[PDB]
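What follows are structure tokens for two forms of the same protein chain, given separately as structure 1 and structure 2.
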Structure 1
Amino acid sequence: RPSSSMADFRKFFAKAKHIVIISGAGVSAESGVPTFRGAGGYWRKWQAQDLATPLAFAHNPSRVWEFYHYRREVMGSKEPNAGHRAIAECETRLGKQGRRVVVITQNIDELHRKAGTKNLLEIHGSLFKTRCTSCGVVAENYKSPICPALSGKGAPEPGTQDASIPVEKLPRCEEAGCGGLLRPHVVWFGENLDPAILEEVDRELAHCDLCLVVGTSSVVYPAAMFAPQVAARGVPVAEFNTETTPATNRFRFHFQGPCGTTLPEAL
């Protein structure tokens, strides 16, 4: 069934008054941005599903920041693409017209935010946000590097050497009289989700009259808990992906290829 109609699609898109846009790894990967919870591209000597766990920060905090210094870093040179932008501009327009567009995004790169998207829901946090592991405070952090110690430390290559920066040298909360060890405020495997962020997610799913999916779909994680709700209520689901045919899900629309291509036109 999954219609291939940018025709009718453009019909509902003109009709619908509260669009919710679930964003995917793909959207970020079309930029220049490094996926790791991905097929290949390990980061040095370890699995990245394996560095991004709470016990990693427990056994070597140093070499995890090592992993996220890099992350934070690499994106100095990466930009929002035509997808990030189509979506942004579409938000603005109908914004003053008189309609809500929302963007739900598992990604942590903040590329949507650079593109000018105001309604963002990053359901894994940002790697430009820190959490003090002591007085769980949260904070925009953009400093390059994050800690003098980490300057030059983080090398992509393998057989790179460790770093083993004494905890005390790692990122430390500036909160007056705290100084606990800073971690990345980014949802880890085994880790759960901002329940607030979820009750808004779920909120914008009951009230949405148009739903979009881009990058990584309803068949593949992290993206699923959101596909099911839309279909039952009686609401159309356009899926925009780069995954040719391999799949386990279908709905009112599917399109193909980069969302650089498609989206600009669509929205």
Structure 2
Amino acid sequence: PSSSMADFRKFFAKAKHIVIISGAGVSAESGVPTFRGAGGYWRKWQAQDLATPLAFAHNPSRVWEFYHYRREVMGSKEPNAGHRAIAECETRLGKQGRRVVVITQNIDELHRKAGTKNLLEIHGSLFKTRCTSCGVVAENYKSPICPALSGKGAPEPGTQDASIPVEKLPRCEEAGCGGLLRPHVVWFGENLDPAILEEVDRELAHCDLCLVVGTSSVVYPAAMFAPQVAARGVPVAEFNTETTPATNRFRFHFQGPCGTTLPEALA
């Protein structure tokens, strides 16, 4: 694929509807642990070990400790220059009648924190809960999310399970429910919400330029979104620290941290 910033910016100057797909690399550049690839371990595990319905069924306390840790670390994390360039682009183009929408794989809300408004969080959020009894989805920023998790979630190998009884894990506050909450995060083996897929597809089907930023293009179905756009004939530019299995489907590839390349690309 082309690495001509000038040719990319010619498309950018005329694009009326830009889709920006983002993944864990953008979060890693803010120091967010992503628990995938080089993104870290929590105790002896990575995300694919704990972000599953079976893990939560068998050890909901351990899975809650993991997500508790990740919630609490966010207080010290800020959007990076990549997030900011993306948010600034949306704002600037929006005044010109031009649409920018972010479709993110990330669950850390840093695009929101940066001021992105047109945002599809296709895997949910660290800061939402879903009740396993009544299905209600709620925003939750409480620190700690429940008292039993105070001081828990420590990430060092050999840390013992808190083994919090399910009654003392986060519980639904809807009147008359009281069910056990789970993170409102899409886990491996679970499909994405059909309403979110419909919203994704509406943007993919109408965009005239697509950027795929900081993603390894190995998590499906998200990894197929930018290839679908390219197959429609629309230019796709990949901004990533390395090539990926999807790179050769795209019109452009710009190697480097997104905080380095995106401020120039989206100026």
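Along the sequence of structure 1, residues get numbers from 1 upward. Throughout, rigid core stands for the largest set of C-alpha atoms superposing within 1.5 Å between the two forms.
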property: Core superposition between structures 1 and 2, C-alpha change of residue 54 at least 2 Å; result: no
property: Residue 217: Cα shift of 2 Å or greater between structures 1 and 2 (core-aligned); result: yes
property: Core-aligned CA displacement of residue 17 at least 2 Å between structures 1 and 2; result: no
property: Distance moved by the residue 246 C-alpha between structures 1 and 2 (core-aligned, Å); result: 8.0
property: C-alpha positional change at residue 38 between structures 1 and 2 - rigid core reference, Å; result: 2.3
